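The next block holds one structure in the form of structure tokens; read it before the comments.
Chain letters run A, B, ... following the sequence lines, proteins first and then strands; every chain starts at 1. The analysis underlying the following values was restricted to heavy atoms, covering all of them including side chains, and did not include hydrogens, waters or symmetry mates. When a ligand or atom number is given, it counts from 1 through the structure's own listing order.
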There are 2 protein chains.
Amino acid sequence: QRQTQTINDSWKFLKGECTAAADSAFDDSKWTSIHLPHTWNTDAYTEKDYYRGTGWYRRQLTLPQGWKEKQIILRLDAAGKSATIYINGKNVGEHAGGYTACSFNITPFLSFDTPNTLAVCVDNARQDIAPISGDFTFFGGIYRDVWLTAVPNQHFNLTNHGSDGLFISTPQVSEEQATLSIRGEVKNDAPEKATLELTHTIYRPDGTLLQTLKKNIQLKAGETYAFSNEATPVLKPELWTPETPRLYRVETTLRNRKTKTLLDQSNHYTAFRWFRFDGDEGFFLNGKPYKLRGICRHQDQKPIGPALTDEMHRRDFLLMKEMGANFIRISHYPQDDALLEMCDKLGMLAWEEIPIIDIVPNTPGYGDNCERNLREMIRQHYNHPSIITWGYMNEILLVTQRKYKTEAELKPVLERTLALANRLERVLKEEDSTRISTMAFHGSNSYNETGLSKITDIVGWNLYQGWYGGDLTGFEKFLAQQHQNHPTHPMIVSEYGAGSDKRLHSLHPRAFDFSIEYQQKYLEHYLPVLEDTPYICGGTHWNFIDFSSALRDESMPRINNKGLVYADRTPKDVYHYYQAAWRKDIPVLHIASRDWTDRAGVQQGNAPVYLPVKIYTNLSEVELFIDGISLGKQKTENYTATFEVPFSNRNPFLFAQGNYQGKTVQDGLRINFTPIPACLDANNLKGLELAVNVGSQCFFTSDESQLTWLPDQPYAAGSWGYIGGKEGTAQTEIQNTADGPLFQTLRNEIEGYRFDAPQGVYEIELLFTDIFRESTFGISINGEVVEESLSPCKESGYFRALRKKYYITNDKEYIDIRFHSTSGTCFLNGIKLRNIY
Amino acid sequence: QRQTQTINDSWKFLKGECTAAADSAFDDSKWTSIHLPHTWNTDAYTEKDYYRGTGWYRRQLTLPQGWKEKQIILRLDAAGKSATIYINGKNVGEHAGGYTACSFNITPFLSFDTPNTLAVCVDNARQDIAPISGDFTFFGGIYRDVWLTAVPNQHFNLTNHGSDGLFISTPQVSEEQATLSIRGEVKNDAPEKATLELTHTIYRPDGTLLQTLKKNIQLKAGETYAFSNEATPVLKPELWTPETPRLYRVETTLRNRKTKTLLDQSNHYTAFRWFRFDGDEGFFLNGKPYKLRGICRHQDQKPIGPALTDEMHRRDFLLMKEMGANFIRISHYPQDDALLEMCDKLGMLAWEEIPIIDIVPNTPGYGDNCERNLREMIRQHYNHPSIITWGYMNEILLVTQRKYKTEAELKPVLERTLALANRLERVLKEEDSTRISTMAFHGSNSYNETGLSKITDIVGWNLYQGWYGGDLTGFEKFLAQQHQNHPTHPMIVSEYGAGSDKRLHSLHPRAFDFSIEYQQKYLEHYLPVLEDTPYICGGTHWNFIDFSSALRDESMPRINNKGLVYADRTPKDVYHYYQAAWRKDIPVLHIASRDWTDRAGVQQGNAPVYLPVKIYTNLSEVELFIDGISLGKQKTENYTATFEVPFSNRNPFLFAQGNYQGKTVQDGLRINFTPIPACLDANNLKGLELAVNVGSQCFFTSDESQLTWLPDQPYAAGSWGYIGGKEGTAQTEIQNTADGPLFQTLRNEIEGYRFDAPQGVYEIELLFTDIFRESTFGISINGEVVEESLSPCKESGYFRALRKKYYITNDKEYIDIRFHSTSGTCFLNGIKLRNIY
Ligand SMILES: [Ca+2]
Ligand SMILES: [Ca+2]
Ligand SMILES: [K+]
Ligand SMILES: [K+]
């Protein structure tokens, strides 16, 4: 019989090279105790320069005596980026690739009456292994399951590109009938021949038997045997869709032909579906038009990296499925079996790819490792009915076009690129003729002009109009252009998204302020275009999660914040916009304010402060209440509705309801509101901490201090605000603060800041960061100099926070701060006023 | 005149020893760029052995030309645990004590032509500085503001024990009139004699001028002049309470006698109140009985330690004040001026102490440094009218009596201890006769038998009956016996609390399961005893926050989790228990399920799963709905009501309402519910992840995977559950897992675990941690051996997680897992079951 179990436990780990670390008798007691899955790159969640290099893993293998006559296969499901396996000091094998499995028959190197030592040397510094470039962290270590499989001396091949050795397909599929094809290899590692019986048992979705195939076979000592048995056509077969994931189990059994002793067994699922892509009418599943509703998903989770356990992969999947998605771009690398098991069983169409990104370098051996990862991916994930397309390149021209400008420089790189591309297209269709090929392009017509877009069956456009420049309307314009010029290339929008940050909100959202509201604006424009345009087969949203990308700065450094859920898998409000549009079966009513629970605003006297509250819903009409008071009904358009809500009380309870298919549907939540006075006097100063996000139109709420910094406002008599200057913005990371975004916007060429305020003693905090890589200025308040010559970049350097507090005695009816430029410009990034006496 | 500003910006930091790190011509370019406040000890949030030792801070000081003729005073508000300060390489001064400020006149060391170097050597290893022991982390670094103050040559004394140099008190206070005493010192740092005018301006709470006092003073060169001025008696003074914090501003001004030019100015608050502690009748404020409704507050915040900005101290105060507290025990050390400012101005009585804890060591200079720290605390904080008592020792016999059990070992230690207490009591009464002295005891009568309880004006008892032993009712019993045996000693319950973990919930809460429910049970019992016993002055709940204590393991290692709010200052549900009991002015209606948003339970058929939902409120009657369905109106007792709630749907909306003072009050929220079947079959197995918290009556929801592990249940025909064994519990930290509490409980001597499940292919995961520091045992599943000789402690060691996954083919109608001992005992800490095929 076959025994499969993990050996994820009882490991020792050492970061860095170490000579003698493979030896049986090496002393490792001072090493770190760990448990797989593991990564040594949690540093990538704070450090841009994460450790790329070597690390050593050691674990004892003490073999069970019942395995004395079995073959022992070791499987590493992934290790980034490469691994060399030692058993008792003997090199057993090596693997190149961070996202595909590898397996080794380790029987010869094992003892059965002594301890055996397993030692894995892992390296994520190697430049001959994909990816070498791309918008994510190249995490090092053994971050998927590690298995031991013991099998009898005759068994199915388990050392074919780390796969299961068996491959099931369906050559023909129609409403009326379909045909099955069960192929694989049997291996005999006994010293003598053997006569076997092979059995293929096929079960309907409902568990009952549909058919048994039997074929007797013989193998001589040390031979591997290739079979390929068609099956009786299945009549009126139950077809698979994401919505009806009908699966047929196929159980393949290997027994000794005389004694009928069971030897080895291996189960797989199969399904019956066909599909095509149409440059004019889109995607067709089982003959019917089918809009692909997709998201892409990276595999990491802050702060553990990609060392996820399998229930986390399943949790991720439940979230994408409850949102209503029917398609997933598994990108940019092949992901855990735990995930693909769910796309088959619970139902999701799948696109899977290997990470060849940005630029084909002239690195010796790169192309060859790429082709092996393509074969590994395809052979390992071949039996997953959910997968309908493989891909191998994503934006392969992006860095190439940035780094090479002349036609002379482009020439050799475009040739390398077009070569590797056609090569892999051939490797793909040689490994699998049942699925579609695909490539993903950044938003450039040069993928057409260079020839790259004639290569695959379908094309993916990564489109960011309205985020990385352009207009939101350029998105549908870019796609209509591609469709008139290239009407036979069927298109998927394989990427679109906008960053958001829970700390930032705006009544006037713009791109690259990273407010919750701009990302919503961007997605609310993109999604109907995807749903209502026939030559768009679908879109895959980039990305389902906020994910690790150590090289990024922007509002959340080390993080790509374009997710629909946060890194911990709490959903952003906009997740429920997708749900409203994609789940018609249930009611969706979501007050879109879980991202905006700590609100502030400038208050005229005692009048209520108006701030928008948004609702995502599939109901047609919704009514919103604040502390019991109705704010009327509103008809939904585009699954959304905004109310202008009067905030007053400090802990208001928001409540929404509406009718859906005859049932009443409700939602509610409490939030926090703090009014800030527009006109300071001695009463409203008690307990006031007036804090302004100078140079920005966003409310910034610290997640460290819970303080909200108000949008900048110009000075008006009776009130407070800035005098002169223009808004300035950076996306570079700011040292020495948790509150990056507050320092990344500033009022440049500022002339003053004024507070009309009563006489007294005041605490003034000034926030500076020089983002213009020289500025020197003096600061006076009510005619007294508080800085003679402040130069933030000479004190602290560029992109580094300075917070300076001053105690100020106001003997006037105002607090007038003036800036006196002497070099460069005057700038101010934030200001906070408190009355002390 | 006077200019005060921070120099928190533009610092360089190096951890560890460094030679010549003080020299101006040192190269610190490869040091770390940091911004004060800073601690080098964020490692304490993960590591138990956090680094204790030396750290170096360097800054350039470039002085304004307008300061050329002024005295520059440098003030460090805190450095843990000691600081030595260097100006341009020359030792300026030293300070011992991590929680009090220090100040130095650095004018003689500075130049105005060339830049200056400020270097600070900070050390958190010195054993001659308190604390040497105690249940919190001794963070190193400069974690409070650092100031420069430039003053003219005649100025108020700023180098008296780091204080403001002024001392204002009210020698007599009644409702009819009060006296006011305004004292301080003036320093003439000029080489020439000076003749000055000293002005005190006293303002009513409403801002109007009440009195101007004026005296001429004359100072020789270099002289320090002590003034003591008595104001006119204040008639019908506005009395201060936490509910009415009326403050009188005292403005003290120094003028050049001839030219009338203003030289220096210092503002302070005084207030008029008197208080009294009675052994029979408790606490009296301004003649009226007053119950002290207190909390304690540590000053750290995960993961930045004590390096809080001042708006974070203000945030903490607001939450404390919104809860209804009127008393804060500022422990175990004095804290930020930003905190005491809110106590005076927004209203909260205060006890403040220095950290002499656990054992008076036999260390030279420790007594001397404790005395210096007590003088510093009283002088630096003398002018805060909220402070009504000073303390200096907390549980000073706790470690003494653990370490020494023989009278010969105890005799010297008790003499050292009584000597220091008696020393510090007279220092306190020397420094401040306007305030009560206090000492906090652990739950032992030895404080009475040693005479420690005879030293201070009042005594505090730290009491944990129902947490660290005993029954809940032993709390009121311990207090009653104290009161009858020592009726003249007035009593505060100065610590009481119980740990809790958002991940743990129990329908049968018990001590040290760390469930949210047990902490509620404990506090629901303690609070009314505090409210209703007359001879209890009040209590200070331990603690307001979950806080850093590196030596703690238990359910959240490195964290003391007895908070009313989490480390990030999100409130626990029980925070609103206090709010309902203590706020009469606002309505309080809180569904107690923000701590329990991810529910799950065992479902019989399609019958609904019943789970308690608690409500905290000061309403007399509440009505709970679930998904629009009402569940009745309940009468509240002890500010709480519990409903038995039927859960079926996945995303239920809970809604609560009642009446308060005529108006309708509401609350509501969504949570998640996952039903787990009691009887497994083909249908309900698809999508099922049956996970069990073996050997515990707690639900455990992982905050990493979001999966809930069910309380254990014994096997029953047709269902699933354990067979044999007893429950076992460890508080030691579990290596190699984020889900510690799951692995801390187990079924010891277990015999099997069984699921009545259909035939198929199942994934079983078993969880192991040996907690008994030898067990070896075998495991079989339906008679198939899966482990011949598993010894968790031999493969991994004690208190380390093992997660083993097995794939098993089940030909039967049950899955039967049996354990077969060999050495030690069999055990299981967790089990999870999925159906693959
Ligand atoms: Ca896995
Ligand atoms: Ca401070
Ligand atoms: K700003
Ligand atoms: K357990």
**Message:** Would you say the rings of A:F700 and A:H505 are close, in the sense that their centroids are separated by under 6.0 Å?
**Reply:** no
**Asked** Should B:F755 and B:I831 count as side-chain neighbours, where that means a heavy-atom distance under 4.5 Å?
**Response** yes
**Complete:** All heavy atoms of B:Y753 vs all of B:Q713, minimum pair found to be OH-O, 4.1 Å
**Message:** Under a plain distance cut-off of 3.5 Å, with no hydrogens placed, do B:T729 and B:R510 share a side-chain donor-acceptor pair?
**Reply:** yes
**Request:** Say whether A:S506 and A:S515, considering side chains only, have a donor N or O and an acceptor N or O under 3.5 Å apart.
**Result:** no
**Request:** Check the K ion (ligand 4) and write out every protein N, O or S atom at under 3.4 Å, as residue and atom.
**Result:** B:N693 OD1, B:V694 O, B:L742 O, B:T745 O, B:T745 OG1, B:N829 O
**Prompt:** To the nearest 0.5 Å, what is the distance between CD (A:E352) and CG (A:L340)?
**Reply:** 5.0 Å
**Asked** Do A:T701 and A:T708 get their side chains close enough for a donor-acceptor pair, meaning under 3.5 Å?
**Response** yes
**Geometric cation-pi criterion, B:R747 with B:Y722: 6.0 Å, 45°** = yes
**Message:** Listing by chain and number, which protein N, O or S atoms are under 3.0 Å from the Ca ion (ligand 1)?
**Reply:** A:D145 OD2, A:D310 OD1, A:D310 OD2, A:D336 OD1
**Message:** Is it true that A:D336 and A:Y143 share a donor-acceptor pair across their side chains at a distance under 3.5 Å?
**Reply:** no
